[PDB]
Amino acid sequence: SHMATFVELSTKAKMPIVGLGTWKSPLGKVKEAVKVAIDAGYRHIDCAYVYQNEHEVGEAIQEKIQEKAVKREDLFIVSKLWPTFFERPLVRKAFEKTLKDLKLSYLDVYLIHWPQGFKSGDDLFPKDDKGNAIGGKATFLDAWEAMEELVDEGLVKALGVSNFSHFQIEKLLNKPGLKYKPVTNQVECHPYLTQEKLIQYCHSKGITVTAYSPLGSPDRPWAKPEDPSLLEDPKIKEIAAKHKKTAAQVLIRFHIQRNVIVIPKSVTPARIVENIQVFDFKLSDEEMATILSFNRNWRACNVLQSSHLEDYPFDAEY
């Protein structure tokens, strides 16, 4: 039995510092993955409408609660609002489908998945005659206002953002009539993209950071052979070998020691367990400084041609 350390949010709620990622977790395999995770002691599950497996995640959670392996109050479930649903009636609807699929009566955190709004419709990635993203009318500011109502009604404990630059967070924080603040900013983070300035900014505002693709997302479709590879990095493995841990475990522990929440994905039971056995060792300061020095500003998660739309986040330095 394992328990991830808690990171305290500005709402005083306690967010487990390690969680289970579920993107690319196939139907069939994801339900068992969630169950294994829960038995191992995971309490934080990272989900999303756009991952299209929330119902199987729902099945697993429901079955675990019923068989009394875990209570709802101790689970920490996060999901996200996809950019094609920023318009107010759509925000409520998408949230309702997410909540239904997950068989929950409330979410612990509901995130804006990406800052840029997309054209509404029966289409997740609307594009033009080329492959250019088509933007929508409603902005993340519009969306947030609708999301704030979910909090007012007790349907969501807290709100957050994902893939936001500090400029975009500045925009949200200075928004007139702001009712709720983001408790986290979920962004790609790993030794090739250390996010030093964005983490500094977020923490200075009482906003935690959730590190996604911490293993370099080797199963991302668009991966290309020349693309860097964290898990195969010999310097990483070298440090791993020293602590009698795997490369993955070092890549997870890295975030823990920056007080950054981290959500590695796996559907392999052995790996799921391995990924949470990271509270029995420490990386030295020298090791941390070394790992930080690997920064290459390389984004594994940057495949969509969307730099023309107004709220594209990665043009900003941070």
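From 1 onward, residues are counted along the sequence shown.
Here the stretch with the larger average CA B-factor, out of 112 to 120 and 131 to 139, is 131 to 139. Higher average CA B factor: 58 to 66, of the stretches 58 to 66 and 274 to 282. Highest C-alpha temperature factor among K175, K157, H243, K80 per the entry: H243. The residue among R253, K265, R43, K29 whose C-alpha carries the highest B-factor in the deposited model is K29. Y106: CA B factor in the highest third of modelled residues in this chain (values from the PDB entry).
Among the modelled residues of its chain, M288 has a C-alpha B-factor that falls in the highest third, as given in the PDB entry. Sort the modelled residues of the chain by CA B factor and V18 lands in the lowest third. In the PDB entry, a CA B factor belonging to the lowest third of its chain's modelled residues is recorded for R299. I239: CA B factor in the highest third of modelled residues in this chain (values from the PDB entry).
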